Amino acid sequence: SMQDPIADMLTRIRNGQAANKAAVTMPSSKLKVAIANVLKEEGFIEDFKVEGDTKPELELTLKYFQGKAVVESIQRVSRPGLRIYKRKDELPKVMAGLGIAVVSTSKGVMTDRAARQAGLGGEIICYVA
Amino acid sequence: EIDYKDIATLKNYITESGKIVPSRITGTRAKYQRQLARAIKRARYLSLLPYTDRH
Amino acid sequence: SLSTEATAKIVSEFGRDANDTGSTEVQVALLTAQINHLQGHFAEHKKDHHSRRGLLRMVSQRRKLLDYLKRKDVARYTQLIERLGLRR
Amino acid sequence: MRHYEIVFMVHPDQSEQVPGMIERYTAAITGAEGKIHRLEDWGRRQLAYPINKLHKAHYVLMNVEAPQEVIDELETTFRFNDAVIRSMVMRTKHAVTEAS
Amino acid sequence: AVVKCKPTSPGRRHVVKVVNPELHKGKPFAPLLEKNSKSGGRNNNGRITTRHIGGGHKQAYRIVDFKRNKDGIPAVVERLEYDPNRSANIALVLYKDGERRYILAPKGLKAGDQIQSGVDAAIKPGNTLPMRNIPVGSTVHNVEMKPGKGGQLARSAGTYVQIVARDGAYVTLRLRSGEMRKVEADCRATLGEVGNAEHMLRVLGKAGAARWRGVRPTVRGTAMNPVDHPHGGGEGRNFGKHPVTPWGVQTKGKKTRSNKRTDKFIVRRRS
RNA sequence: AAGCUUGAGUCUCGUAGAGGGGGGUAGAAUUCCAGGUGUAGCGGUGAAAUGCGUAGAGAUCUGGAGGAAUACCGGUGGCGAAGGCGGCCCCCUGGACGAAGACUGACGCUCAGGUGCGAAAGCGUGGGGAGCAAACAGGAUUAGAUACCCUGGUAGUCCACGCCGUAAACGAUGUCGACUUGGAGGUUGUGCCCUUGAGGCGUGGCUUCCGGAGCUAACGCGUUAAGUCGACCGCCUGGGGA
RNA sequence: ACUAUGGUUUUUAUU
RNA sequence: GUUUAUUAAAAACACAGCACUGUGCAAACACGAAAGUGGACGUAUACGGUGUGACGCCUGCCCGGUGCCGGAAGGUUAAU
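Protein chains in written order, with PDB author numbering: chain AH, 1 to 129; chain AR, 19 to 73; chain AO, 1 to 88; chain AF, 1 to 100; chain BC, 1 to 271.
Okay, structure coming up:
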């Protein structure tokens, strides 16, 4: 049956940027707007904006580079059948610094770069390059 | 749509041999054809329309 | 297939709002009446294995609703089998 | 309500025996305290193909407006009858006056 | 039913018994019972005249109305019960003014059913009428071969007869044995099938259980000497001759009908 | 610990079908029994013979029956999960589909073992048994012919009930569910258009053919994906021996 | 277009 | 379970069952030429004759002989 709210968001991004879509939309949540604010300033999306307040929605403007998507791989890894936790140096190196790992933390959603700079760790959300 | 008490309306959807004419010919389409087939098959068993043909 | 007035007989007893069936107690009472109406075709011999698959599906639906109800509230379970012939 | 047309075909020379059965073909419904909508003839007709070596027969219909728990008695009603050659039931269809 | 047995001595576990819980287990209607003393297969002055019949248990005979005396009288089926003189079970019929008779049973097991003879009588099976008033293909139950003579043929458990033609004054029967013959349309038919129908599913169990069913042994003719039974031959286990009756006549395939009275009414016969 | 609902479902009013089961009974054609008319052939084939033929066949006309199987309609037309379902009738009954309104609220998915489900053949057991025919005989073919060919013919094929779970199981591809560019056709609901048009414009379910992105030795899949993701469970590990 | 039909041809040398 | 009572108690005999077959009821058939009676006052799921002998798994060849059933034309052939 319907199993995961984040696969329903990542498929719209991944398949929408493969199908040259301008901006893609899904149901909102606290987590979904937290990762949008990372993916924005790390340059993986061109804009994010919410719509509504009762049954709320989120719209992401996709970002392109040289006639393809700005993203080369966005991978889950941390999934309902296997969650991944990473400590302050135990954090992996995504594509030798050409990509990021996204961490939830007790202190705010951030990159593994910002987590190393804070001596911090937590649960993984995704790996992006 | 179902009754045997008029054959003058049913004659249009049959042959001289009493065979049922396919819906692609008569503009009936499959749904109404399957109704006319019931009126005809009832009128057949009441001996109001020919069933079998040999000559 | 169920008798045309028999769905409203569940609303007239296990229901608490007009024409409403959202209650799991109405669903289990309706499924129990539907199982009883389908036992009219059985209660003799095993020949119709196809219509028996739909019987097992509604018997499983009643079991799956009762598992959810036992996980919800034990009194709402116990008071349902007090108005229906379960655990006889 | 449950409906059945109950149409039957009789041997032409036994058409004189049918008025002696005008309460017998309905005996399944009279035994249920009911009354049929029609019980009327549809005239004498020639057959499109011969049945039990007859070529012309007499037609009658009842329109019983009666329940499905006496439809088995309406089967026995013709099972041991010598005057018929065929009967047919035609379930539902409703029942109306005039035009047979 | 029918149902399996259970072993009390080796062996019975696979034996089957009929069992009919819809029949009344009570007492037969006494004004219809006769002593009917056994004769041991021996006639008035004999000596044996039918072999293997011998022994009891003691049994009274129940008088059945196969002749169906009086006509058109309303009745009801008051009891259905078993009868050991026969195999199709019996019906106890009660006429409207208190007259009780034993009559040959229907296929039905529901009691209180109201039954009468006639042609303006309800068309149902069990209401007896003359074969001049019925259509072809009908199953007739037990019938009379001459008007008013009474019921013969198809009296055994679940047996019946079918009428397969009619013309003028006469009707043609098809028999389940492979026979086809005419009778007069003034003869009475009760319609449908006779009671029990399960008797052929039974398998008795143990040799002794026949000894109270009117059975005694008799030694194989092939196992004794030719002074005694003509099938006997010196040293045995290799006869060199055809098998025979106790009178030295053929016992496989030889036809024996010689009636010459009833045969001109017959169309087809048993193989 | 407590709210919320989008997930899933039902209800009001409606939509469609060879889905299954119980009980009836009807439209013809093999074939055989019986009579009229009638005469020496019929059947097979590269040829034939066994076989049927004056014991009057075949052909024709007619009277009649058991039992198996059900033309047309019938289709890019449907149902079932799969085996499977297309004489017709009467009774009974499974699952699926839509609009809008509403209620309940995670009630949803999957699953070693286990359970239910079996085309045909075979088997338990009785009944049936026209026809088709594994065994096989007789004939013929041939090097041979225990096979292919011709004439028969037992089991079996039909029914009730019980066993046996098998497959080039086929839409070959586990079950459930998300996601993605475009076109045209078929079917059928619903809402709308005097429908005053089997037709349109929205919009669902089913279905059919390209095809964008992706995948694949290669064919091919492509919104009913073999693509990209979320949950669960089986099966595999060079040929032969096996 | 389709006769009515037939089974079987020792092994080995371009490095 | 039965048996040569008094030299044989058995592997023979008997049996649910299994098979082959007769029989349409004034049944087949018995004893009697018949008179009757039994079968049976039962009725093809009933009765008669015979063989075979739990069950399981299976079960090739033969119509020259001997008896039966059907086919019915013709032949040998009686009284007449």
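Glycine residues also receive a C-beta, built at the ideal position from the N, C-alpha and C atoms.
(message) Taking CB distances under 8 Å as the criterion, tell me whether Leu28/AR reaches chain AF.
(response) No, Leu28/AR lies away from the interface with chain AF (no Cβ there is under 8 Å from its Cβ).
(message) Tell me the DSSP secondary structure of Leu39/AF in three-state form.
(response) Coil.
(message) Which residues in chain AF have a C-beta closer than 9 Å to the C-beta of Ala169/BC? List them in chain order.
(response) The contacting residues do not exist; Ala169/BC stays about 15 Å from chain AF at best.
(request) Give, in chain order, every unbroken run of the beta strand (DSSP E) that is at least 3 residues long and sits entirely within the region 20-89 of chain AH. (result) Correct list: 23-27, 45-51, 57-62.
(request) Could you tell me whether the Cβ of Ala154/BC comes closer than 8 Å to any Cβ of chain AF? (result) By this cut-off, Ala154/BC is not an interface position.
(request) Give the secondary structure of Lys17/BC by DSSP, where H, G and I count as helix, E and B as strand, and everything else as coil. (result) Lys17/BC falls in the strand class under three-state DSSP.
(request) For the region 122-136 of chain BC, enumerate the residues whose C-beta is nearer than 9 Å to any C-beta of chain AF, in chain order. (result) When CB distances to chain AF are screened at a threshold of 9 Å, the residues of the region 122-136 of chain BC falling below it are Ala122, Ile123, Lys124, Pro125, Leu129, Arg132, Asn133, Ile134, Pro135, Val136, in chain order.
(request) Give every residue of the same chain whose Cβ lies closer than 8 Å to the Cβ of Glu59/AH, excluding the five residues on either side of it in the sequence, and list them in chain order. (result) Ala23, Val24, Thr25, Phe48, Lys49, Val50, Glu51, listed in sequence order.
(request) From the DSSP output, read off the bridge partner residues of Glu184/BC. (result) BP columns for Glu184/BC point to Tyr170/BC.
(request) Answer with buried or exposed for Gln39/AO, where buried requires no fewer than 16 other C-beta atoms within 10 angstroms of its C-beta. (result) By the neighbour-count rule (16 or more Cβ atoms within 10 Å), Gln39/AO is not buried but exposed.
(message) Let me confirm a value: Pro5/AH is counted as buried when at least 16 other C-beta atoms fall within 10 Å, else exposed. Which label applies?
(response) Exposed is the call here.
(request) Give the interface partners of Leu191/BC over in chain AF, defined as CB-CB distance under 8 Å, in chain order. (result) Simply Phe80.
(message) Between the alpha carbons of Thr21/AO and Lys49/AR, how many angstroms are there, rounded?
(response) A direct Cα-to-Cα measurement between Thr21/AO and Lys49/AR gives close to 35 Å.
(request) Taking the CB atoms as reference points, tell me whether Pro147/BC and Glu184/BC lie closer together than 8 Å. (result) Less than 8 Å divides the Cβ of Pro147/BC from the Cβ of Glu184/BC.
(request) Tell me whether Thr245/BC is buried or exposed, calling it buried when 16 or more other Cβ atoms sit within 10 Å of its Cβ. (result) Answer is exposed; the Cβ neighbour count stays below 16.
(request) Indicate whether the contact test is met: 3 or more Cβ pairs, each with one atom in the region 107-124 of chain AH and one in the region 23-41 of chain AR, closer than 8 Å. (result) Too few Cβ pairs lie closer than 8 Å, so no.
(request) Return the CA-CA distance between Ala69/AH and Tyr127/AH, expressed in angstroms with no decimal places. (result) Distance between the alpha carbons of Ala69/AH and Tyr127/AH: 16 Å.
(request) Enumerate in chain order the residues of its own chain whose CB-to-CB distance from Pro130/BC is below 7 Å, with the five nearest sequence positions on each side excluded. (result) Here the set comprises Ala185, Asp186, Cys187, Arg188.
(message) Suppose you measure from the CA of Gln68/AF to the CA of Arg2/AF; what does that come to, to the nearest Å?
(response) Whole-angstrom Cα-Cα distance: 7 Å.
(message) Cβ closer than 9 Å: which chain AF residues qualify as neighbours of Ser138/BC?
(response) Residues of chain AF passing the Cβ test: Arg79, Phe80.
(request) Reducing DSSP to helix, strand and coil, say where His57/BC ends up. (result) Under the three-state reduction of DSSP output, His57/BC falls in the coil class, being neither helix nor strand.
(message) Starting from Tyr102/BC, trace the beta strand (DSSP E) in both directions and tell me its first and last residue.
(response) The continuous beta strand (DSSP E) containing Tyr102/BC extends over residues 100-104.
(message) Please confirm whether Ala27/AF has its beta-carbon closer than 8 Å to some beta-carbon of chain BC.
(response) With 8 Å as the cut-off, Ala27/AF counts as an interface residue toward chain BC.
(request) Assign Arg62/AO to one of two classes, buried (16 or more other C-beta atoms within 10 Å of its C-beta) or exposed (fewer than that). (result) Per the 10 Å Cβ criterion, buried.
(request) List the whole-angstrom C-beta distance separating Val143/BC from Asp113/BC, where the pair is believed to meet the contact cut-off of C-beta under 8 Å. (result) With a beta-carbon spacing of about 21 Å, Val143/BC and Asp113/BC fall beyond the 8 Å limit used to define contacts.
(request) Would you mind sorting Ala43/AO into buried or exposed? The rule is 16 or more other CB atoms within 10 Å of its CB. (result) The residue is exposed, with fewer than 16 neighbouring Cβ atoms inside 10 Å.
(message) Would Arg62/BC and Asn45/BC be called neighbours here (beta carbons separated by less than 8 Å)?
(response) It is not a contact, given that the beta carbons lie outside the stated cut-off.
(request) Say whether chain AF places a C-beta atom closer than 8 Å to the C-beta of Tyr31/AR. (result) Not closer than 8 Å to any Cβ of chain AF, the Cβ of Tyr31/AR fails to qualify, so no.
(request) Please state if the CB of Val38/AH and the CB of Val102/AH are separated by a distance shorter than 8 Å. (result) The Cβ atoms of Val102/AH and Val38/AH lie closer than 8 Å to each other.
(request) Kindly indicate the opening and closing residues of the beta strand (DSSP E) around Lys56/AF. (result) Run containing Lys56/AF: 54-61, per the beta strand (DSSP E) assignment.
(message) In this structure, how does DSSP classify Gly192/BC when only helix, strand and coil are distinguished?
(response) Here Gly192/BC sits in strand by DSSP.
(request) Report the three-state DSSP secondary structure of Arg47/AR (helix, strand or coil). (result) In the structure shown, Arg47/AR sits in a helix (DSSP, three-state: H, G or I).
(message) Checking 8 Å against the spacing of the C-beta atoms, do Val136/BC and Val164/BC come in under that value?
(response) Contact flag set, yes.
(request) Could you check the C-alpha separation between residue 74/AR and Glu40/AF for me, to the nearest Å? (result) One cannot answer for residue 74/AR here, as it falls past the ends of chain AR, which runs 19 to 73.
(request) Measure the C-alpha to C-alpha separation of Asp65/BC and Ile103/BC and round it to an integer number of angstroms. (result) The straight-line gap separating the alpha-carbon atoms of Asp65/BC and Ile103/BC is approximately 5 Å.
(request) Can you grab the Cα-Cα spacing for the pair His24/BC / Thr190/BC, in whole Å? (result) Taking the straight line joining both Cα atoms gives about 23 Å.
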